[PDB]
Amino acid sequence: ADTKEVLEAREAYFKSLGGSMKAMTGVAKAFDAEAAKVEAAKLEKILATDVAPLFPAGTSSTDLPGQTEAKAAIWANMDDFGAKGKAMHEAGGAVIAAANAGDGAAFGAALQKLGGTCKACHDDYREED
Ligand code: HEM
């Protein structure tokens, strides 16, 4: 697809994740198993997205100044970038299971683990200022 659509797709994917992280953070603060499962259901849908095809070479912030925050570095570290995405999917599965187990403590713990995967990747691959 055109750069405009992959950029569109990956932007929507990440916005959805951000909204999910935000909502689950609030649930973790005041655990309600029903709201957790609702959030987990949404996170599950989000994680079904194949994002590898969302980062084709030529879509870094240097190629498309201001259109994206993806750093050119991603393309010099695709194995690490994929690994970090993988870590997120795994952390996500744990958050989903904890929500479904109705386990508030595990949910909060898994959520910390998930947040960490977002940071681990952003630190090396997303544009700050
Ligand atoms: C962890 C679950 C996670 C969250 C939360 C998250 C959020 C997020 C947002 C809100 C954006 C900005 C979206 C927008 O344009 O409004 C964003 C952008 C990027 N992310 Fe991220 N992200 C999470 C996880 C990860 C992981 C696991 C990776 C790397 C393996 C990653 C990468 C990126 C990149 C690159 C961007 C820039 C996208 C762009 O501007 O085109 N994120 N993320």
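Whatever order the structure lists them in is the order used to number ligands and atoms, beginning at 1. One is the number of the first residue; the rest follow in order along the sequence. Only this structure's heavy atoms are used, side chains among them; waters, hydrogens and symmetry mates stay out.
Few gaps surround NZ on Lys37; more than 12 heavy atoms of other groups in view lie less than 6.0 Å from it. More than 12 heavy atoms of other shown residues, nucleotides or ligands fall within 6.0 angstrom of atom CD in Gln67. A 6.0 Å sphere centred on CG of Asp123 holds more than 12 heavy atoms belonging to other residues, nucleotides or ligands.
For ligand 1, the atoms closer than 4.0 angstrom to any heavy atom of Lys15 are 14 (C), 15 (O), 16 (O). Applying the 4.0 Å criterion to heavy atoms of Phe55 picks out, from ligand 1, the atoms 35 (C). Every atom of ligand 1 with a heavy atom of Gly85 under 4.0 Å away is listed here by number and element: 30 (C). Remark: ligand 1 atoms within the under-4.0 Å shell around heavy atoms of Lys84 are 27 (C), 30 (C). In the vicinity of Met21, heavy-atom distances shorter than 4.0 Å reach the ligand 1 atoms 5 (C).
With a 4.0 Å heavy-atom cut-off, ligand 1 is reached by the side chain of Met88 but not by its N, CA, C or O. With a heavy-atom cut-off of 4.0 Å, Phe81 touches ligand 1 through backbone and side chain alike. When heavy-atom distances to ligand 1 are checked against a 4.0 Å cut-off, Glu127 has no atom that comes that close, whether in backbone or side chain.
On a distance-only criterion, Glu11 and ligand 1 share at least one N/O pair closer than 3.5 Å. Remark: ligand 1 and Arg10 share an N or O pair separated by less than 3.5 Å (distance only, no angle test).
Closest approach of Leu47 to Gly92, counting heavy atoms only: CD1-CA, 3.9 Å. Heavy-atom minimum distance, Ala36 versus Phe31: CB-CE1, 3.5 Å. Across all non-hydrogen atoms, the minimal contact from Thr68 to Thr59 is CG2-O, 3.2 Å.
Among residues two or more places apart in sequence or in another chain, the ring pair (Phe, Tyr, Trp, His ring centres under 6.0 Å) test is passed with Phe81 by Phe55, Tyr125.
Separating the CE atom in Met21 from the CG atom in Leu111 is a distance of 4.5 Å, to the nearest 0.5 Å. Between atom OG1 of residue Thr25 and atom CD of residue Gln112 there is a gap of 8.0 Å, rounded to the nearest 0.5 Å. Atom OG of residue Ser61 and atom CD1 of residue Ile74 lie 8.0 Å apart, to the nearest 0.5 angstrom. Here the NZ atom belonging to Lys84 is positioned 11.0 Å from the NE2 atom belonging to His122, to the nearest 0.5 angstrom. Between the NZ atom in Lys42 and the NZ atom in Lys45 there is a gap of 13.5 Å [rounded to 0.5 Å].
Annotation: protein N, O or S atoms under 2.8 Å of atom 21 (Fe) of ligand 1 (waters excluded) comprise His122 NE2.
At the top of the distance list for atom 41 (O) of ligand 1, counting protein heavy atoms only, stands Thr68 OG1, 2.7 Å. Among all protein heavy atoms, the one lying closest to atom 40 (O) of ligand 1 is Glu69 N, 2.9 Å.
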